[PDB]
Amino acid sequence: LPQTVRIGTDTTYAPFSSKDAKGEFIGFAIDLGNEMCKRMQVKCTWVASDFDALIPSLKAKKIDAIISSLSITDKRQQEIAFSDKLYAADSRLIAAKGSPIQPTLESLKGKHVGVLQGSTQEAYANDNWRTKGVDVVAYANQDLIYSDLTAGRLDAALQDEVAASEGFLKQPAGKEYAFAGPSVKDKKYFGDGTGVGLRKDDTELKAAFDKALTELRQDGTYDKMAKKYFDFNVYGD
C-alpha cells in the first residue's frame, strides 16, 4: 500500500459525508473510511470535491479511493473497481408535502426535477425523464438542489433515499417536504449498494479495504457506528 491513501468525497450528502460547523468531515461514510484506514495501518487524507469530479480524479491519480456513497453499477465497473458493499442505497423522490408528484413520466412531464451531476440519479432521469420532456436540472452538489427546492425553483428532486431522509426531511430545511412516491428500484441504473471506488489495477488496495471492511463488520464495529445515524438496517442484504 502507499504511505498515505488519498480518499475523495463530496461533502453535501449528510448523513454519509458532510461538513460540521468547523469544516471537519463527518458522517457514516467518513466513519467507515477512517475505521478501514485504521485497520489497514495507513494514513488517509480526505479530499473534498464535487461528486462528478470523483471518478475523473481517481483515474487521473489525484485521489486513490472514492468513499462518497458511490453506487456499484455495471457501467462504473467498466471504468473502475469497487470494494465489497459498504451499505445499501435506494433512490427516492422528494417534493412538497401534499404534492401529488410521483416518480412517473405522467406526473413529472413539464415539471422541474433536480439531480446531482455525475450521479446514477442523473443517468436515470436523463434517460427516462429528460428525453420525454421532464425538465431535469443537473447540479454541481446536493446542497444547491435542496436550496433550489426550498426556493420553489424545483418541483422535486431525486437522490439517495437515506440522504434525503436523514439529511434533509428530518432536518430544519426539509420540514415542508416529504417523499413523493416509493423508492425507484432499477437494478441497472442504481447498482448494488455503495463501495469504495478504486483504480482497476490497484488490486492490493482493494484487498486491503475489503479485509478491513470484513473485519469491522465481524467484530460489530459496523453496527455500532451505524447506530449513531440509523434506527434501521442500512447495510441492506
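Numbering starts at 1 and follows the sequence shown.
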{"property": "Greater mean Cα temperature factor according to the PDB record, 112-120 or 90-98", "result": "90-98"}
{"property": "Residue stretch of maximal mean CA temperature factor, 215-223 vs 6-14", "result": "215-223"}
{"property": "Identity of residue with top Cα B-factor, from 105, 144, 163, 80", "result": "105"}
{"property": "Given 186, 31, 210, 50, the residue at which the Cα B factor reaches its maximum", "result": "186"}
{"property": "Entry-reported Cα temperature factor of residue 69, expressed as the chain third it lands in", "result": "lowest"}
{"property": "Chain-relative CA temperature factor third for residue 148", "result": "middle"}
{"property": "Chain-relative CA temperature factor third for residue 62", "result": "middle"}
{"property": "Record-listed C-alpha B factor of residue 193: chain third", "result": "lowest"}
{"property": "Third of the chain's Cα B-factor distribution that residue 54 belongs to, per the entry", "result": "lowest"}
